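The next block holds one structure in the form of structure tokens; read it before the comments.
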Number of protein chains: 2
Amino acid sequence: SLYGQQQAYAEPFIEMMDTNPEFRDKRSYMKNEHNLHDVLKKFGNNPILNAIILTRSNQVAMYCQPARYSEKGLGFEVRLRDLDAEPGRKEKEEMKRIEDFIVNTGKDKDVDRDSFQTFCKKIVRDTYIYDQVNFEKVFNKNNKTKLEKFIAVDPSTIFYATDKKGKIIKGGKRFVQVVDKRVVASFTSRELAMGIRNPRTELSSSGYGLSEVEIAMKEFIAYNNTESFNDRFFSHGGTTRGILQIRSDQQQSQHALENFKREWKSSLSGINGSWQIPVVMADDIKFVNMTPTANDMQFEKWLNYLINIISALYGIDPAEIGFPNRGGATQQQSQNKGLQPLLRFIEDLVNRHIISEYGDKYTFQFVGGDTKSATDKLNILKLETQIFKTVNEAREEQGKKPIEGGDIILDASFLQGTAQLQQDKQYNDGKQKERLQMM
Amino acid sequence: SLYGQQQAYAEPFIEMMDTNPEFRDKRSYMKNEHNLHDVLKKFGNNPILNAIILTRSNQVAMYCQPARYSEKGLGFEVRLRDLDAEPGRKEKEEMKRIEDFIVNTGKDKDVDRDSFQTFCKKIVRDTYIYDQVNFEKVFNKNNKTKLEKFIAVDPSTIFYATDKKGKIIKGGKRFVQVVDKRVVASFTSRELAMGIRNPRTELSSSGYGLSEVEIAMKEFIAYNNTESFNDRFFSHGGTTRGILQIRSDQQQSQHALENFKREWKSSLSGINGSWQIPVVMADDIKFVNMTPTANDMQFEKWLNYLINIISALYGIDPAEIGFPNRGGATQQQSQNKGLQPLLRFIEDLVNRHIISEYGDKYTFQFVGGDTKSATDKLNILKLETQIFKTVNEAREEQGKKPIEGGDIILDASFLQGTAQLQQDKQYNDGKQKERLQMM
């Protein structure tokens with residue numbers, strides 16, 4: 001049921017007793033807690049995590065515009081599934097309409113609704129915090145077959161529904177929304193998407209993704225309490241430099257000490273009388289140091305290590321978030337592993353969920369920001385054509401029609417060989433005139 | 001209602017009891033405080049934050065001029081939605097009028113009203129402090145269909161309105177202005193915009209954006225009290241170098257100590273008698289040090305770490321604000337992640353809110369300051385044309401009409417092949433004259 005009809009089991013044979021029959025709960029890795037997103041919501045406010053989220057969101061936001069409206073190639077585009085297939089006036093108009101629909105996130109403009117930029121900015125946060133993304137579709141009521149609007153829904157409230165036997169359902173309504181432990185609404189598979197970026201095969205998770213926050217929970221709390229320890233020097237006591245002991249047979253009366261303080265403040269306090277030296281005629285005086293000569297941050301390398309491993313979990317370069325790399329440099333490759341997989345994930349999700357409603361012959365893809373790869377591709381072609389490939393063969397290979405002029409291989413020598421062969425060929429073929437002349 | 005008619009819930013099912021029925025309040029992440037912008041206004045005065053705001057505002061201000069009035073390409077421009085579509089004298093005049101309207105922020109010039117430069121400078125501050133931007137529109141009273149003026153409004157006073165049931169309203173007036181906890185005025189969706197740069201999907205926020213100041217609140221107070229700690233060495237006591245103890249059987253009378261001070265000041269004080277050495281014949285003398293030999297700033301690395309993470313939250317390079325990067329360099333890529341997303345956000349907001357009033361066929365976009373990307377684009381084309389693309393195909397591809405001369409592929413060899421083929425073709429085709437001659 002979970003994926004379809006199959007011979008094997010890919011769901012827990014025995015249900016979790018404490019869970020409600022109507023749905024299957026999402027739980028921690030070790031089954032330590034049956035309620036996970038509640039504690040992940042607490043870490044949702046962490047600065048380091050939020051810094052990563054915001055950096056990735058800003059990176060994604062640039063790509064979130066259509067290509068044909070952009071003077072430069074950066075953006076997204078819709079095209080026919082086959083690159084070699086020709087376009088058409090009807091299909092071009094349909095693709096333009098679909099692109100505008102995605103840009104406006106609906107059939108018609110509405111200021112009250114999200115632009116696709118904000119939708120992606122929501123999706124990245126939901127992907128990197130909870131590792132679960134969901135968005136609702138609004139099919140036309142006059143015609144169930146077609147689509148009108150689509151918007152995002154928070155993943156924390158959405159669960160997998162279950163049948164009376166407790167097994168996850170396939171047919172009909174499959175996803176359910178829960179608020180304050182009460183069932184509110186449920187959705188058909190087509191009506192609500194489910195994107196999992198970090199899936200797992202073990203029966204315990206039952207298909208729910210694994211979020212990096214759960215993995216780094218210990219590290220996150222360690223970072224938090226380390227920061228608290230550093231800040232408690234100021235927000236709490238212990239900032240004394242030392243104690244000035246003065247030996248005496250009798251402890252001086254508090255009035256005398258107050259007058260002592262008055263004299264000290266009047267003579268030495270502040271910039272006024274800063275450089276002056278007092279004089280005291282007691283038996284013996286000592287100054288005992290309680291703190292070192294100069295203070296500084298503590299456990300610096302510990303923080304660097306923690307943030308480095310946390311960054312490595314998300315695949316982001318620590319240098320972007322203002323920390324040193326414990327190895328390597330101390331950007332293209334960092335971007336290649338960090339951003340491009342996320343863009344491809346969003347691409348696949350949006351494609352297979354939205355474009356399925358219009359037709360198989362179309363697809364959605366991002367474009368731009370990859371000049372170097374295209375440069376190397378063109379260099380491959382430019383080196384290949386010198387010896388191997390004809391101009392017309394390459395042009396046909398890349399979904400274009402040939403140009404008259406012969407299927408020439410571009411080299412100034414090669415042309416002279418063909419020209420010389422043709423010139424001498426015409427000389428030899430001209431001797432057939434003499435051959436017939438004797439007749 | 002919040003976004004439209006939908007099956008799911010994207011707003012709190014149960015209202016916050018303490019909030020007024022007329023609107024939904026904006027609250028902290030953890031619900032610790034139901035009043036947030038009041039405390040954010042306090043941090044609005046911080047120098048580091050204000051430094052970031054001013055740097056970004058100065059960066060944006062350069063772009064805020066029309067392109068066609070600028071000798072160089074830097075500026076903004078309005079164009080038809082399709083780059084391949086031809087322009088026209090009517091449409092060109094309309095676009096020029098719209099550009100002048102945006103420059104003057106209204107139908108007619110008015111010195112009393114903001115230029116678009118100052119409007120953007122306000123918008124960046126409102127975007128980076130509160131993460132919420134709003135500007136009012138003034139439609140023509142004689143004709144509601146069309147627009148006359150638009151100006152900015154402070155986001156702190158604006159809230160989402162609610163119905164009698166407490167749910168957020170869609171139809172009619174949707175945004176409400178509150179001053180001193182009193183409702184003053186309310187606006188229709190078209191009459192007042194709402195820009196959220198850092199949106200969230202959780203029901204708790206109810207669509208309100210998340211500001212980086214709230215995330216960095218602890219860090220900001222830590223920075224403030226660290227600076228206070230460093231400054232309190234001067235503004236408060238504790239600047240003594242040491243104490244000069246003189247042992248004696250009896251404490252000298254204060255008159256004797258005053259005469260001692262008189263002699264000391266007359267002989268040693270100031271530049272006069274600076275290098276001299278006094279002489280004293282007491283039993284024993286000591287000098288006990290209360291502060292080290294040389295003082296300096298404390299907790300320097302702590303400050304660098306704090307400011308680095310704060311900068312990383314906003315995406316700004318710490319080097320711009322006079323701090324060292326704890327990793328990396330110790331500018332184009334920093335600009336690419338820092339400024340361009342903000343420009344695109346302003347672009348999308350201004351487009352979808354202003355240009356919607358005139359027509360769909362137009363769009364607003366910035367231009368300039370991106371020569372390297374355009375250079376790489378032109379290099380892609382220049383490498384592609386050598387083997388792959390004809391001149392006329394490229395010219396057609398970029399919204400231009402072909403030039404007579406043939407759809408040639410630019411390579412000195414290729415032309416000789418076509419010329420040689422044509423030359424030999426004419427030779428062979430000339431033999432048809434001989435073929436007919438025998439007839």
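Chain identifiers are assigned as A, B, and so on, following the order in which chains appear in the structure tokens; residues are numbered from 1 within each chain, and ligands are numbered from 1 in order of appearance.
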
*asked:* Using DSSP assignments from the backbone, pull out every residue in region 137-211 of chain A that falls under strand (DSSP E or B) and give it to me as number ranges by chain.
replied: A: 137-139, 147-153, 158-162, 168, 173-179, 182-188, 192, 195-196

task: Pull out every residue of chain A that has at least one atom within 7 Å of chain B, counting only C-alpha atoms, and report them as a ChimeraX atom specification.
output: /A:45,47,51,55,58-59,61-62,68-69,112-113,118,122,138,153-154,185,231,269-271,274-275,277-283,287,293-297,319,321-325,330,371,375,378,382,391,395,405,410-412,415,419

With C-alpha atoms retained, export the selected residues as a PDB file, in the first residue's frame.
ATOM      1  CA  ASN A  45      15.334  29.591  15.706  1.00  0.00           C
ATOM      2  CA  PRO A  47      21.237  31.644  14.280  1.00  0.00           C
ATOM      3  CA  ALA A  51      22.127  31.831   8.597  1.00  0.00           C
ATOM      4  CA  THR A  55      22.143  32.162   2.512  1.00  0.00           C
ATOM      5  CA  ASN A  58      19.187  34.131  -1.291  1.00  0.00           C
ATOM      6  CA  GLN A  59      21.168  31.875  -3.628  1.00  0.00           C
ATOM      7  CA  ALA A  61      16.059  33.510  -5.271  1.00  0.00           C
ATOM      8  CA  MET A  62      18.251  34.706  -8.153  1.00  0.00           C
ATOM      9  CA  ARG A  68      12.721  34.517 -21.922  1.00  0.00           C
ATOM     10  CA  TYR A  69      11.848  37.614 -19.851  1.00  0.00           C
ATOM     11  CA  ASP A 112      -2.715  38.145  -2.085  1.00  0.00           C
ATOM     12  CA  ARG A 113      -0.896  34.996  -3.275  1.00  0.00           C
ATOM     13  CA  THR A 118       8.646  33.352  -2.015  1.00  0.00           C
ATOM     14  CA  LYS A 122       9.592  28.726   1.899  1.00  0.00           C
ATOM     15  CA  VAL A 138      -6.597  23.609  -6.057  1.00  0.00           C
ATOM     16  CA  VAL A 153       1.436  23.978   3.453  1.00  0.00           C
ATOM     17  CA  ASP A 154       3.505  23.546   6.598  1.00  0.00           C
ATOM     18  CA  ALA A 185      -8.755  17.684   6.770  1.00  0.00           C
ATOM     19  CA  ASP A 231      28.248  35.355  27.593  1.00  0.00           C
ATOM     20  CA  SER A 269      38.168  57.909  40.059  1.00  0.00           C
ATOM     21  CA  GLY A 270      37.604  58.434  36.355  1.00  0.00           C
ATOM     22  CA  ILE A 271      39.797  60.241  33.872  1.00  0.00           C
ATOM     23  CA  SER A 274      43.782  58.850  36.462  1.00  0.00           C
ATOM     24  CA  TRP A 275      47.599  58.803  36.487  1.00  0.00           C
ATOM     25  CA  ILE A 277      49.451  57.386  42.807  1.00  0.00           C
ATOM     26  CA  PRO A 278      47.900  57.022  46.295  1.00  0.00           C
ATOM     27  CA  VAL A 279      49.880  56.542  49.501  1.00  0.00           C
ATOM     28  CA  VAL A 280      48.993  54.268  52.426  1.00  0.00           C
ATOM     29  CA  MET A 281      50.968  53.673  55.632  1.00  0.00           C
ATOM     30  CA  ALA A 282      49.595  50.306  56.735  1.00  0.00           C
ATOM     31  CA  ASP A 283      51.714  47.428  58.014  1.00  0.00           C
ATOM     32  CA  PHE A 287      46.973  42.389  45.765  1.00  0.00           C
ATOM     33  CA  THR A 293      46.046  39.702  33.021  1.00  0.00           C
ATOM     34  CA  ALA A 294      43.940  39.729  29.837  1.00  0.00           C
ATOM     35  CA  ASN A 295      40.713  37.883  29.069  1.00  0.00           C
ATOM     36  CA  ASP A 296      39.525  36.473  25.752  1.00  0.00           C
ATOM     37  CA  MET A 297      37.026  34.042  24.277  1.00  0.00           C
ATOM     38  CA  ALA A 319      33.680  30.063   4.904  1.00  0.00           C
ATOM     39  CA  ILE A 321      29.026  31.684   7.352  1.00  0.00           C
ATOM     40  CA  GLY A 322      32.119  33.451   8.713  1.00  0.00           C
ATOM     41  CA  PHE A 323      34.075  30.495  10.100  1.00  0.00           C
ATOM     42  CA  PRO A 324      37.437  29.013   9.088  1.00  0.00           C
ATOM     43  CA  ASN A 325      37.736  25.705   7.289  1.00  0.00           C
ATOM     44  CA  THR A 330      42.925  27.941   5.252  1.00  0.00           C
ATOM     45  CA  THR A 371      29.170  29.079 -18.436  1.00  0.00           C
ATOM     46  CA  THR A 375      32.527  26.419 -22.427  1.00  0.00           C
ATOM     47  CA  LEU A 378      31.958  23.855 -26.841  1.00  0.00           C
ATOM     48  CA  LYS A 382      35.746  22.604 -31.359  1.00  0.00           C
ATOM     49  CA  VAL A 391      29.865  20.724 -39.648  1.00  0.00           C
ATOM     50  CA  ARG A 395      24.484  20.675 -36.582  1.00  0.00           C
ATOM     51  CA  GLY A 405      28.139  23.999 -48.583  1.00  0.00           C
ATOM     52  CA  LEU A 410      37.006  22.344 -40.797  1.00  0.00           C
ATOM     53  CA  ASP A 411      40.720  22.428 -41.538  1.00  0.00           C
ATOM     54  CA  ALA A 412      42.355  24.693 -44.109  1.00  0.00           C
ATOM     55  CA  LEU A 415      39.616  21.844 -48.033  1.00  0.00           C
ATOM     56  CA  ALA A 419      39.511  21.202 -54.005  1.00  0.00           C
TER      57      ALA A 419
END

Worksheet entry | Contacts of residue 65 (chain A) at 9 Å (only C-alpha atoms; same-chain gap of 4+ positions) as a list in words | residues 61, 69, 70, 74, 75, 76, 77, 103, 116 and 117 of chain A

Requested in this report: Just the residues within 12 Å of residue 182 (chain A), please, counting only C-alpha atoms, with nothing from its chain fewer than 5 positions along; format it as a ChimeraX atom specification.
Outcome: /A:20,22-23,157-159,176-177 /B:13

Check the DSSP output for the backbone and give back, as a VMD selection string, the residues of region 278-431 of chain A in helix (DSSP H, G or I).
chain A and resid 300 to 314 318 to 321 332 to 338 340 to 357 371 to 387 391 to 397 412 to 431
